[PDB]
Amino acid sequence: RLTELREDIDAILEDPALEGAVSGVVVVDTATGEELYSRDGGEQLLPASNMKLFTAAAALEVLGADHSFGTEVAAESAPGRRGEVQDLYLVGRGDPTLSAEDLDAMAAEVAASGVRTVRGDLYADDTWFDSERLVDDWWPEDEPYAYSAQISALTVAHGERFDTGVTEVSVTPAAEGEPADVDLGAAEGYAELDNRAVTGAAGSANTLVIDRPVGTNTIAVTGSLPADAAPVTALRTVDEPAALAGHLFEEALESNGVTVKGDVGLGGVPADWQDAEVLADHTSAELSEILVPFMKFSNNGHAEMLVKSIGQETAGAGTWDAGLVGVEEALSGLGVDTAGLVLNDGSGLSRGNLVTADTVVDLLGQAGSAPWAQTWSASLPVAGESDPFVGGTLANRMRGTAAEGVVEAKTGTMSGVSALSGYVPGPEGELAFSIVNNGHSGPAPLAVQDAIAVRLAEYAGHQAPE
């Protein structure tokens, strides 16, 4: 039965989609330690989003499953008779799930604590992390897109997926030949609008492009939207997530009867504030719950914020340098051999990252026997599951195969990089596998990945749901 599987995987790795690609494929029985399959296991390869596996493990190790994140509002002193304060600080400590709703709830707390007037300015404080918004080797053309959002300790998360540092742009067609209507969402009044888009004739081609040109906080909309087209919605990043948070909080204050007379900007709580008055605060859900939308949907901002939070925890430095060393140390401390790990970020977006398939499976084995194994396991996309919060990036892969409902694995993709690594829960024993592909010139080898993962599921005794 073992030689059957090995022959089968060997035949899967023959697929012409892996023409000129390197592939790290390792399968280990986690109960025995038996190496079921190993090809190019020690080879160093970009992991893409599989880097999140290391980040998630480390974050659970360093911060704990029960770790939560805080945001607060501070004035130099409490409001008096007149209910007045001077300057006001919204302070973010790295909550990657901070919503506009949470901002409104804090705005109400500010109101209810007796503030009627912010006579000075409103400042957005994200100094808990450094102001290095983007990893060096990340590509500037990626910057407009949600997965490349700027990293800040104070950032507003959009939606139930908590996509950080973005706004939702809605483009609605008007009459043919009239400008399309562009609604900027949260960044209305914050980001700049450059709407050059038109409504094309009904039945015409949709050529709508929504950009944020590099180094601006302008949403540039170009192209044409057909008169009869459904509205278009896209997540677009903004410059300075904290300042958008500031802007949104300003509106939340005005909405809860708090008049803000000054300006909204970045600034940190001054050193010379002896006893800052916390007028509002908010506590995130615990990391174990945050791990779900992070890992299911592969949230890049979450990963990076978690690296900086690790940096803060191990070193009081909300920093990639410190956080990445913190990941490496936490992984070593877990028994993981990190010899082949090059860490350049937490998300796996950076092309400076390296792993080996051996390292991943090493990690999977180590994570499996950890006190947080289950929260870690629960965060992983489950093959073929319809519920996006269950199936995540594997929602529409391996449906109607033995893998459906059983294989828990993290996906990874970008140009010339693809990865699938996780567990195949066995009525035999729990298998761990890592499939990392670099180089392939055409379609990502998702069917190869699925083929292996399906074969492993069958091998572990599973059968396709019908």
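Residue numbers run from 1 along the displayed sequence. We call the rigid core whatever largest set of C-alpha positions still superposes within 1.5 Å between the two forms.
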| item | value |
| --- | --- |
| Segment of greater CA departure in 8 other deposited structures of this protein, 404 to 412 or 424 to 432, core superposed | 424 to 432 |
| Between 288 to 296 and 198 to 206, larger RMS Cα displacement in 8 other deposited structures of this protein after core fit | 198 to 206 |
| Higher-B stretch (mean Cα B-factor, as the entry records it), 250 to 258 or 313 to 321 | 250 to 258 |
| Stretch exceeding the other in mean C-alpha B-factor - 104 to 112, 87 to 95 | 104 to 112 |
| Highest recorded Cα temperature factor - choice among 59, 53, 424, 48 | 424 |
| Third assignment of residue 273 from its chain's C-alpha B-factors | highest |
| Lowest, middle or highest third - CA B-factor, residue 386 | highest |
| Third of the chain, ranked by Cα B-factor, where residue 117 sits | highest |
| Lowest, middle or highest third - CA B-factor, residue 70 | lowest |
| Residue 337 - Cα temperature factor, lowest/middle/highest third of chain | highest |
